[PDB]
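Student: For reference, the structure I am asking about is given below.
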Amino acid sequence: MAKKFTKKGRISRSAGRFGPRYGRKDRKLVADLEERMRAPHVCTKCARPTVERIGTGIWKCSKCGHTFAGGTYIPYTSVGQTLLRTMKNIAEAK
Amino acid sequence: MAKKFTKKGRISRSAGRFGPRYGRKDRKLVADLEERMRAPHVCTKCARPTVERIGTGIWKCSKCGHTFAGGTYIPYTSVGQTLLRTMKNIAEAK
Amino acid sequence: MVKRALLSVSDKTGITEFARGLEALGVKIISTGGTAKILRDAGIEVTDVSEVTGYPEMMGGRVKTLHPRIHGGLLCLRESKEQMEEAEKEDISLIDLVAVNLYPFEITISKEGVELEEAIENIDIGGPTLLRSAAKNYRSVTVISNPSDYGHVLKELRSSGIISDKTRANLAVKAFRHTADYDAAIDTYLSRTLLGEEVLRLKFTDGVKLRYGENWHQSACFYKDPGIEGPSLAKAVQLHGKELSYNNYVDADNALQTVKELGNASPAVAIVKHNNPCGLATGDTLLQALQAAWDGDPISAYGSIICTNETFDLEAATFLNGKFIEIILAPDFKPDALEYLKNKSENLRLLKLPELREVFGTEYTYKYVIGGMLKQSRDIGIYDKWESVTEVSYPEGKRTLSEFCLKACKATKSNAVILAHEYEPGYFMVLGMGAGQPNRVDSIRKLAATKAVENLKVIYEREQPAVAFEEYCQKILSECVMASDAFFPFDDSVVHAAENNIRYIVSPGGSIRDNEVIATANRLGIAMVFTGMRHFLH
Amino acid sequence: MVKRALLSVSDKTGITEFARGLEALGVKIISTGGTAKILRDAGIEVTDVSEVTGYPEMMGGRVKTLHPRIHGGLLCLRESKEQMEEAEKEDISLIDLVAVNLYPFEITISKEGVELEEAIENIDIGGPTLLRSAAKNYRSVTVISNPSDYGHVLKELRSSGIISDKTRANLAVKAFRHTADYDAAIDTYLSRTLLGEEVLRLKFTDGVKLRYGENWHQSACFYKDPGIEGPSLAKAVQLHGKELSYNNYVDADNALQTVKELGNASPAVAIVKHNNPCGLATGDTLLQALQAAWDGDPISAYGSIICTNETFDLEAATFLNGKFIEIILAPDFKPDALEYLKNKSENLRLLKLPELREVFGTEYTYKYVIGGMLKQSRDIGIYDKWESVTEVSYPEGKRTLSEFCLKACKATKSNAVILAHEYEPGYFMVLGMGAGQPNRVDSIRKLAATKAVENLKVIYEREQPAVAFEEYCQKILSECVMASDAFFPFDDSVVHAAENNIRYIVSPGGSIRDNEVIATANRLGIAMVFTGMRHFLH
RNA sequence: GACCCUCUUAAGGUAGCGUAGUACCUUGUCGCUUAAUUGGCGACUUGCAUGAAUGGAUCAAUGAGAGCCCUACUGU
RNA sequence: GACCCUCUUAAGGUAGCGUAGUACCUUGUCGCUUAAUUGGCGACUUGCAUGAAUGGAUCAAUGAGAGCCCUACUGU
C-alpha cells in the first residue's frame, strides 16, 4: 500500500526530498512534523478523518466543509484541548 | 597432630584395618561408630572429657573414677537424655 | 612492508575490492580455491598457492593446504630468526597479510533424515589453522578473519603506509575469537545431534567494569552480549549519568520487560523500583500514562525508574519534579526535559534506549543457579481461553481490565494479588500486587485490597470530585479486576475480596478446589473468567 | 581396529602405558618430540613424524608439524579412498589413532612485566590441527584428546577389537570441545591483557530438560557445569521423588547458599518459599531448629525446601509427617529415616547432597540481564568494622545476637527487619523478616512485630505460661536484636523498632542523617552497631 | 618525570588536538611514498607562542578552494 | 513391525540381560584374535525354553575354580 520501504529507506521519510543536506537532526524533525501533519484527523463536526490543512493554521473538512483555525502543523493542540476539557469539566460541574 | 591424611586416605578411617573386605557401606558404618565412640565425652561428675569405654556398656572417668552404665558405643543416649530432661522439667515445675 | 596476500576467504564478500586495492599498492595475491577464480576473472592478477608451500593443494572449497613451517612463517615474528625461518625455506614465502574467514557450521536436516555426513564433512579444517597462525602474529603479519573491516585495513595501509600495532592486535584477538566461535559450534551441534547432550557455550563481549554489587567492593562487569536482535540495555544511549550499578541494570530489565509485555500499545509506561512492578498503566498521552502508573504507588515511589513506549516531556516532568527517579528509559526524549532533568536533580540517570520499542528478539533467558544455569524460553503467552466458568461473564470493559492485568501480573513477581483497576476507561492502571507473601490469602490481606483502598483514597482526595470517597469507591468497587498469579486458592478468599466489594477476579484454570470456587463466584455472580494462564511469574 | 598411532601429546601423563599397550597389539607408534623421547627411554619403539611428512623439526614441544593436502587421509574417513589415500602418500602412514592434548594456556605475571612475548608464543598450532582433522573422522581414526581416557580405549581394543562407533563419537566430540576450550582461553586472555575489552565465556555443558517452566508452556532445561567446584545441585541425588523443576532448583540453591553462609560448626537448618529463605535456624540438635523454622513460617511453609546442615533423623522426621515439603536437602541421610520418609510420603523430592559440608568452590554469579552477564565476587563478610557509636553498646553476646542478621539477611531476601534472636539455649535464629517491599521502613511497617509476634503467638498459645501474651512477648522482645539490611534510613523508624520493645537495632551507618541515627539511638536506648556490610545478596 | 610546597599578588589547561594554515629552534625523530623528496600522509611530540560558542575535536555530501600520490594521456 | 481388537477362562515381561554354565535350529551373522579356530572376547539377537530376594544386572579384592590369548621357558 505504501512505497518500497527498502532495508535502509525508512529513515528519511518525507525528508528524502532534501538529500544529504541540512543534517540528520533537522531532517528528522521536519520528517516527524510532516508525518504528524499528514496523519488523519477526525472532524469535530462529522467525526470522520477528513480534516486537512488548507493553509498556515487553517484546516478544512473535505466532507462537511467545516473550516476552522488550529495549530500551524496540527489541527488540534494540547493547550486548546486542555482549555476545552477545563470548560467541559466546569459545564458538567454546574 | 593426626596421621598423614593423604589425598585419598580420609575415607577408610579406623576401617582401614579391614582392607578391601566387607563393603564400603559397612566399613563406613563401623568407622563412623568408632569415631563417635572415640570422641571425647565429658564426665557428669567432674565436667571434663575423661570418660572412656571400659566394656560393653560400662564407662569410666579417668580422673574421678566415676563409673556408670551407658550405651554400648556411646556414653549417653538420646532416650536417656530425653528422660533426664523430662524429669528435670518436672522438678523445675514443682 | 606488507607485500604478500594469502586470501582464501571462505565467504567471498569484499575480496574483489580488497584484492584490487592490494594489487594496486602491489602485494602479490597468492590465493587459491574459490577466491583465485573470482579474482583472476574480475581482473585482479592472482598467483595460485601451488608455488609456495612445498607441495600443492587438494579438494578446493575448504581443505587446501596445512603446511607446518609455512604457517610458522606468517605465525608470529616473520623477522625474528627462529620464527621467521618458516617463511623462507625452499621457495617458502614470507606472506605478511592473511584473511580467511570460516563459513559457519550448519547441520541442514535433509528431507531424508539429517545430513550428518555432509555436515561433518564441511567443517573447515584448513581455514582455522592458517587463521590462528597469522592471528598469533601480534607483531609482523596481519590477519583479518572478519570480512566486515576490509575498509579500515585498506584505509590505514593506503594512508599511513604500514599497519599499526593497535590494529594488528584487534585483528588477531578477533581472529582467534572467530576460530573459537567455529569450534564452539562444532561442539554444540554434534554434541546434540551425534550424542545427546546440550552443551551451552555462551560468550558475553563488551566487558564494562561497573560500580559493585552487594558489597561496596563486589566488583562486577556488565559483559555486553553481542546479540543484534533489538531491545538491549547494552546498546543504550546514556544521555548523561554515572555508571549505573548492577541494581539499576536489573531493574532496567524489569521495567523493559513489563513495558514490552504490554505490547506497548496506547501511550504506556512502566515505573519500576526494587525489581518489583512499581507502575503500569496505559493512556492516550504520556501525561496520563505516566501518572496512571505512578498513581497506584504512594509508598515505594521515590527512587524508581521510568520505562516508556512514547515520549517524556516537561509537561509531566512538572509533577515528576522532586519525585526522586534513578533512571529514565525514554525511546523518544525532549530537549528541554533533557536539559532540566540534567541540572535539576543529578540523580536522573537518563538512560534512553534508541527507539527501544521492538520485538525482544531473543528466545531464551537464564538464571545462573550457582552450579548450573537454566534456559527459560522467551514466552509471551498472555492467555489460553477467555471463558468464565462462573455464569456471569466479563463485559468487554472488564475483559479489557483482565487482559490488562494478564500483561502486568505476568510481568510481576508473583505469589501476589495483582489488582490493576481502571483509572481512565480504556486506559487501565495497576492497583495492587503482593511481593511473595506466605499464602495467597495473606497476600490479599496485606496487599491488593489494602493498597487498592489507600490508592483510591490518595486519588479521591487529591483530585477532589463531588462524589464522596465511600461512594467514589462504591461506583467501581466490584468492577476492580484482579487476575493474580493463577487460580486464587479457594472460594472463601475470593469472598474476602467480595467483602471489599471486589466482584471481579480472574482465575485461570485448576485451583485447589475449582468445583467449589466456581459455585461460589457463580452464586455471588463475581465475574470470574477462566483465562487459564499459570503466569506465576518469579 | 588401530594400526598406527600418532602420539603427539603436550601433557605426557600416562602416555607410556598407552604406548606399551598399542605396541603389544602391534600398533606402530609414529610420534615425535617429548613423547617420542620418553617412549624411546621407556623401552617402547617409536617411529618419528619425519618418516611420515616431509617436515623435519623445530621447537619440538608445540607446533613444528601440520599436514596439508594429506590430513584429508585420516580426515573424516581414513579408508574412504577420496578421503583415505591423502594421509599415507609417499612414505606417509595411515595412522588410525591420534592422541594430541594441549597444555592449558596461561599468561601469569612476571617480576618485570607480563611475559606476553613468550607466554603468547606458546600457542600450539600443530597440535590443535591434528586434533580437528582426526576428530572429524567420526569413523576410522579414534581421537584420544583427554588423557584420562587411555584406560577405556585400551580395554575396548584388548577385548572387542574395534573402538565402537559410540566411543569414537564421544572421543571425537570431546576433542573438538578441547580445542574449543583452548581457543576460548586464547580469547579471554588477550582480551584482558593486550586490549581492554574483556570477554567471559561460560561453563554450561551436559544438559537435561525438566518438566516445563513457571507455566506449562515455559520449558526449562538445567545445564550442568563441567567444573568440579564443590557443593552444587549438579552433584545431588534424587533418591526418590518426581523430577525436580525450575522453581525446585532455584529455591533449593538459595537454601544451600543460606546454610553455607554459616560455615560448618553449629548445627543449622533452613527452609524457603518462592525464592525466600523464610526459616533459618541454628541451635543444637536439629529437631528444635527445624521445627523452630516451621514455627517461623506455619502458613506458606507446606511445600518448601528444607535445607539441613547434616543428616536427618526420625525425631523430626515424625515432626515433618503431614507438613508437606517440596524438597529436603541434606549432606547425607540415615537408612531408617530415609526409608521411613520414602515410603510414608509420596511427593518429597528427597535430594540429599553428597558431602556439602566443605568449601563451596565458587566466587562469582552471573545475573542474566538480556545481553548482560555480571560477575559479582561472592562475599558474605559480616562486617568491615564493628563500631557501635550510639551511647548504648553491644556486649559480646548481644554482638552475636546482631551478627545473626548479617548471617541470614544476606542469605535471604532483604528489605527485611531480620530479628535474629534467642530461642534455644545460646543459639539465635532469625525471628522476623520484612519480605522485601517498597520503603525500607515498610519492612517493620508490616513485618518485624508481625512475624516475631506470630511466632511468639504460636509458642505461647501452645505452652500457655503464666506470663500473659503482653509480657510473654516482652520476655525476648525487650532484648531483641534487629540488624536489618544495611544502614536503616532515618530515626522515627528506629523509634518504631524500640516501640516493639526491641532496644537493639543494628545499622551499618551512613543513611539520610547518621548523626541523628546516633542521637535517636541514644535517646530511645536502641543499641546499634555500625557494621557497614549491606546484606542484600546481589 | 609524576608527587607535599611553592612563585601562587583570581586560577594554573579539563575533554580533546598537536612540528598544525599555529612549532622559532627546523630541512625536529621514525615509518610508507621516490634511485634520490626542506614534500604529502601516519605516528611521536619538550605546545618559542593549542584548547573548548575569543568555540575544541571530527565529519558524509558539496567546492572553478589549497597540497601530495597512482593511472590514462600527451610536443610540457 | 510398532498400533485399536482379540485368544484374554488373574495378568501378559517393567528395569535389565541375552546364541548365555540357559539358544533346539547351531559350527546362527558380523568384527578382533589364527595361514587356517564347532574356540575366546565384542556387537547383533527371531529369548525352542531369560528376568528381578524362584532375586535381575554388575562388580574392586580374593580363588589349588572354569575357558581363551600374549610373553618367557623348556625333551611336550
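Please note: Cβ atoms are built from the backbone with ideal geometry, for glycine as well, and neighbour counts cover all protein chains shown. Since every read-out is calculated from the coordinates, none of them should be taken as a lab result.
Student: Go from 0 up to the bin containing the longest alpha carbon distance in segment C:237-315, width 5 Å each, and give me the % of pairs per bin.
Tutor: For segment C:237-315, the binned pair fractions read 3, 17, 26, 25, 19, 8, 1 percent.
Student: Note down the net charge around D:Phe530, summing +1 for each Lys or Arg and -1 for each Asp or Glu among other residues with Cβ under 11 Å from its Cβ.
Tutor: Details: positive: D:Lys385; negative: D:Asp384, D:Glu387, D:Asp514.
Surrounding charge for D:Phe530 is -2.
Student: Taking N as the number of residues in chain A, what value does Rg over Cα atoms divided by 2.2 N^0.38 Å take?
Tutor: Numbers: Rg = 17.3 Å, N = 94, 2.2 N^0.38 = 12.4 Å.
Cα Rg divided by the expected 2.2 N^0.38 Å: 1.40.
Student: Sticking with this structure for a sec: Tell me, for the rotation carrying D onto C, which chain D residue has the beta-carbon closest to the axis and what that distance is in whole Å.
Tutor: Result for the D and C rotation: D:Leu202, 2.
Student: Once Rh is set to the Kirkwood radius over Cα pairs, what Stokes-Einstein translational diffusion coefficient, in µm²/s, holds for chain C at a temperature of 4 °C and a viscosity of 1.567 mPa s?
Tutor: On the way: Rh = 27.6 Å.
Answer from the Stokes-Einstein relation: 47 µm²/s.
Student: Order these by the 10 Å Cβ neighbour count, fewest first: C:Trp294, D:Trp216. Mind showing how you got there, number by number?
Tutor: On the way: C:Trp294 22, D:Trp216 14.
Lowest count first: D:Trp216, C:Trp294.
Student: With charges set only on the Cβ (+1 for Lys and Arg, -1 for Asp and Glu), what does the dipole of chain C come to about its Cα centre, in debye to the nearest 20? Could you put the intermediate results ahead of the total?
Tutor: On the way: 60 positive and 74 negative charges, 253 e Å.
Around 1220 debye, computed over chain C.
Student: On to the next question. If you take the alpha carbon radius of gyration of segment D:131-211 and divide it by 2.2 N^0.38 Å, what ratio comes out, to two decimals?
Tutor: Working: Rg = 16.7 Å, N = 81, 2.2 N^0.38 = 11.7 Å.
Ratio of Rg to 2.2 N^0.38 Å for segment D:131-211: 1.43.
Student: Related question: Count charges around C:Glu115 for me, please; just the other residues with Cβ under 11 Å from its Cβ, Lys/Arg as +1, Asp/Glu as -1. Present the calculation step by step, with values, prior to reporting the outcome.
Tutor: Values: positive: C:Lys111; negative: C:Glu106, C:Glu112, C:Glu117, C:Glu118, C:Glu121.
Net of charged neighbours comes to -4.
Student: Determine the calculated [θ] at 222 nm for the protein assembly as shown from helices alone, applying -39500 (n - 2.57) to every DSSP H run no shorter than 4 residues and normalising by the residue count; nearest 500 deg cm²/dmol.
Tutor: Working: 39 runs with 432 residues, N = 1264.
Helix contribution divided over all residues of the protein assembly as shown: -10500 deg cm²/dmol.
Student: Enter the Cα centre distance for the pair segment D:345-376 and segment D:54-94, rounded to the nearest angstrom.
Tutor: The two parts, judged by their Cα centres, are 46 Å apart.
Student: Further question on the same structure: Using only Cα atoms, locate the centre of segment C:384-400 and the centre of segment D:101-131, then give the distance between them in Å, rounded to an integer.
Tutor: So the two Cα centres are separated by 67 Å.
Student: Starting from the Cα gyration tensor of the protein assembly as shown, take the square roots of the eigenvalues, sort them a ≥ b ≥ c, and report rounded, prolate or oblate (rounded when a/c is under 1.5, otherwise prolate if a/b is larger than b/c, else oblate).
Tutor: Working: a/c = 2.14, a/b = 1.14, b/c = 1.87.
It comes out oblate by the Cα gyration axes.
Student: What nm distances, shortest first, do you get from the label point of C:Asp284 to those in the other copies when the point sits 7 angstrom along Cα to Cβ?
Tutor: 7.3
Student: Label position 7 Å from Cα toward Cβ: report the copy-to-copy distances for C:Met1 in nm, one decimal, ordered from shortest.
Tutor: Counterpart label points of C:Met1 in the remaining copies fall at 5.9 nm.
Student: Between D:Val114 and B:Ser14, how many nm apart are label points set 7 Å from Cα along the C-beta direction?
Tutor: 5.6 nm
Student: Write down the Å³ per residue value for the convex hull defined by the alpha carbon atoms of segment D:1-112. Please report the intermediate quantities before stating the final value.
Tutor: Values: hull volume 14.5 nm³, N = 112.
Output value, Cα hull per residue: 130 Å³.
Student: Loop-only check: which trypsin sites (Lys or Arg not before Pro) in segment C:317-394 are DSSP coil with at most 16 other Cβ within 10 angstrom? Intermediate results must be reported in sequence, preceding the final value.
Tutor: Numbers: sites: C:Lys323, C:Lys342, C:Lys344, C:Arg349, C:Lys352, C:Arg357, C:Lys367, C:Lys375, C:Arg378, C:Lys385; in loops: C:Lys323, C:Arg349, C:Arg357, C:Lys367, C:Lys375, C:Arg378, C:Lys385.
Filter output for segment C:317-394: C:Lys323, C:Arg378, C:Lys385.
Student: Using the charge dipole of segment C:127-244 (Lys, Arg: +1 at Cβ; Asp, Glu: -1 at Cβ; taken about the Cα centre), state which of C:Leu195, C:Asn146, C:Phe222 has its Cα farthest towards the positive end.
Tutor: C:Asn146
Student: For B:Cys46, D:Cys307, A:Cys43, what's the fewest-to-most ordering of other Cβ within 10 Å of each Cβ? Provide the component values of the computation, followed by the final result.
Tutor: Working: B:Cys46 15, D:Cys307 31, A:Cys43 20.
Fewest-to-most ranking of B:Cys46, D:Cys307, A:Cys43: B:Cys46, A:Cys43, D:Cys307.
Student: Between 0 and 90 degrees, rounded to the nearest ten: what's the tilt of helix D:165-191 against the longest Cα principal axis of chain D?
Tutor: 70 degrees
Student: Give me the one-decimal Kirkwood hydrodynamic radius in Å for segment C:324-405, with the sum taken over alpha-carbon pairs.
Tutor: Values: mean 1/r = 0.0567 Å⁻¹.
So the Kirkwood estimate lands at 17.6 Å.
Student: Sort D:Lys89, A:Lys25 so that the residue with the fewest other Cβ atoms within 10 Å of its own Cβ comes first and the one with the most comes last. Don't jump to the answer; show the numbers that get you there.
Tutor: On the way: D:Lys89 15, A:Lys25 8.
With the sparsest Cβ surroundings first, the list reads A:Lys25, D:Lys89.
Student: For chain C, calculate the relative contact order in percent as a whole number, restricting contacts to Cα pairs under 8 Å that are 6 or more residues apart.
Tutor: On the way: 1116 pairs, mean separation 47.2, N = 538.
Rounded, it is 9 percent for chain C.
Student: Nearest 10 degrees, 0 to 90: what angle lies between the long axis of helix D:514-524 and the longest principal axis of chain D (Cα atoms)?
Tutor: For D:514-524 against chain D, the angle is about 40 degrees.
Student: Taking Rh as the Kirkwood radius computed over C-alpha pairs, what is the Stokes-Einstein D of segment D:205-340 at 20 °C in a medium of viscosity 1.002 mPa s, expressed in µm² per second? Intermediate values should be presented prior to the final figure.
Tutor: On the way: Rh = 15.6 Å.
D, rounded to a whole number, is 138 µm²/s.
Student: Here is a further query. Need the list of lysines near D:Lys37 for cross-linking: C-alpha distance under 17 angstrom, and skip anything on the same chain fewer than eight residues off.
Tutor: D:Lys37 reaches D:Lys12, D:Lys28, D:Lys64.
Student: Do you know the relative contact order of segment C:186-278, to the nearest whole percent, from alpha carbon pairs under 8 angstrom that are 6+ apart? If you can, show how the numbers build up before the last one.
Tutor: Numbers: 92 pairs, mean separation 17.2, N = 93.
Here the relative contact order equals 19 percent.
Student: Return the subset of D:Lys209/D:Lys451; D:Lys235/D:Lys407; C:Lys323/D:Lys385; C:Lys413/D:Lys375; C:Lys273/C:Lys407; A:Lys7/D:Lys375 for which the Cα-Cα distance in this structure is over 27 Å, preserving the input order.
Tutor: On the way: D:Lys209/D:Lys451 38 Å; D:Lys235/D:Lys407 25 Å; C:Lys323/D:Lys385 34 Å; C:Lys413/D:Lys375 24 Å; C:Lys273/C:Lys407 18 Å; A:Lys7/D:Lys375 38 Å.
Beyond 27 Å: D:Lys209/D:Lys451; C:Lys323/D:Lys385; A:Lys7/D:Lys375.
Student: If each label sits 7 angstrom from Cα along the C-beta direction, how far apart, in nm, is C:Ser345 from its counterparts in the other copies?
Tutor: Relative to the other copies, C:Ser345 has label-point distances of 4.8 nm.
Student: How large is the Kirkwood hydrodynamic radius of segment C:1-40, counting all unique pairs of alpha carbons, in Å?
Tutor: Details: mean 1/r = 0.0997 Å⁻¹.
Every distinct Cα pair counted, the radius reaches 10.0 Å.
Student: Roughly how far apart, in whole Å, are the Cα centres of segment D:1-44 and segment D:247-265?
Tutor: 48 Å
Student: Placing +1 at every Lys and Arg Cβ and -1 at every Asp and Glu Cβ, with all other atoms neutral, what dipole size does chain A have around its Cα centre, in debye to the nearest 20? Write out the running numbers ahead of the final one.
Tutor: Working: 22 positive and 6 negative charges, 121 e Å.
Rounded to the nearest 20 debye, it is 580 debye.
Student: Which log10 I(q)/I(0) values does segment A:1-50 give at q = 0.24, 0.28, 0.29 Å⁻¹ under the Debye formula, counting every alpha carbon as one identical point scatterer?
Tutor: Taking Cα atoms of segment A:1-50 as identical point scatterers yields -0.90, -1.06, -1.09.
Student: Still on this structure: Students often get this wrong, so check it: of C:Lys367/D:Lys260; C:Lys174/D:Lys203; A:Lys4/A:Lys63; C:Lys224/D:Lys166; C:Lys242/D:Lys398; C:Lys242/D:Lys260, which have C-alpha atoms separated by over 28 Å? Walk me through the numbers before you get to the answer.
Tutor: On the way: C:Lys367/D:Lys260 20 Å; C:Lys174/D:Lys203 21 Å; A:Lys4/A:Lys63 31 Å; C:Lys224/D:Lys166 38 Å; C:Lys242/D:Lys398 40 Å; C:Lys242/D:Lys260 35 Å.
Distance filter (> 28 Å) returns A:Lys4/A:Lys63; C:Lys224/D:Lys166; C:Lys242/D:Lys398; C:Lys242/D:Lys260.
Student: What do you get for the angle between helix C:396-410 and the principal long axis of chain C? Use alpha-carbon atoms, 0 to 90 degrees, nearest ten.
Tutor: Helix C:396-410 and the main axis of chain C meet at about 50 degrees.
Student: Which value results for Rg/Rh of segment C:439-538 when Rg is the Cα radius of gyration and Rh the Kirkwood radius based on the inverse mean 1/r?
Tutor: Values: Rg = 14.3 Å, Rh = 14.1 Å.
With Rh from the inverse mean 1/r over Cα pairs, Rg/Rh is 1.01.
Student: Residues with beta-carbon under 13 Å from that of D:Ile299, excluding D:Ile299: net charge, scoring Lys, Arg +1 and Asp, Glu -1? List each step's numbers first, then the result.
Tutor: Working: positive: C:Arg440, C:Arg445, C:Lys446, D:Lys273, D:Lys323, D:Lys451, D:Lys457; negative: C:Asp442, D:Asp295, D:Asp297, D:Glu454.
So the environment of D:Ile299 carries a net charge of +3.
Student: For segment C:279-355, just run the numbers: alpha carbon Rg, then divide by 2.2 N^0.38 Å, N being how many residues it has.
Tutor: Working: Rg = 11.3 Å, N = 77, 2.2 N^0.38 = 11.5 Å.
Against the compact-globule rule of thumb, the ratio is 0.99.
Student: Let me ask something additional. Pairs of alpha-carbon atoms within less than 8 angstrom and 6+ residues apart define the contacts here; what relative contact order does segment C:95-150 have, in percent?
Tutor: On the way: 58 pairs, mean separation 28.5, N = 56.
For segment C:95-150, the relative contact order is 51 percent.
Student: What does DSSP give for chain C in terms of the percent of beta bridges that are antiparallel, rounded to the nearest 5?
Tutor: Numbers: 14 of 29 bridges.
In chain C, approximately 50 percent of DSSP beta bridges are antiparallel ones.
Student: What FRET efficiency do you get for D:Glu57 and B:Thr56 if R0 is 60 Å and r is their Cβ-Cβ distance, rounded to the nearest 0.05? Before the final figure, lay out the partial values.
Tutor: Values: r = 74 Å, r/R0 = 1.23.
The pair D:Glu57/B:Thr56 has a calculated efficiency of 0.25.
Student: Right, something else. Viscosity 1.306 mPa s, temperature 10 °C: give me the Stokes-Einstein translational D for segment C:100-165 in µm²/s, with Rh taken as the Kirkwood radius over C-alpha pairs. Don't skip to the end; give the middle numbers.
Tutor: On the way: Rh = 14.5 Å.
D = 110 µm²/s.
Student: How much length is gained on full extension from C:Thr450 to C:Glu463, taking 0.36 nm per residue of separation minus their Cα-Cα distance? Mind showing how you got there, number by number?
Tutor: On the way: separation 13, 0.36 × 13 = 4.68 nm, distance 2.01 nm.
Contour length minus Cα-Cα distance gives 2.7 nm.
Student: While we're here: If you take the beta carbon distance between C:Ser160 and B:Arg21 as r and set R0 to 60 Å, what does 1/(1 + (r/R0)^6) give as a FRET efficiency, to the nearest 0.05? Working shown, then result.
Tutor: Numbers: r = 78 Å, r/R0 = 1.30.
Computed FRET efficiency for C:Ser160 and B:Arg21: 0.15.
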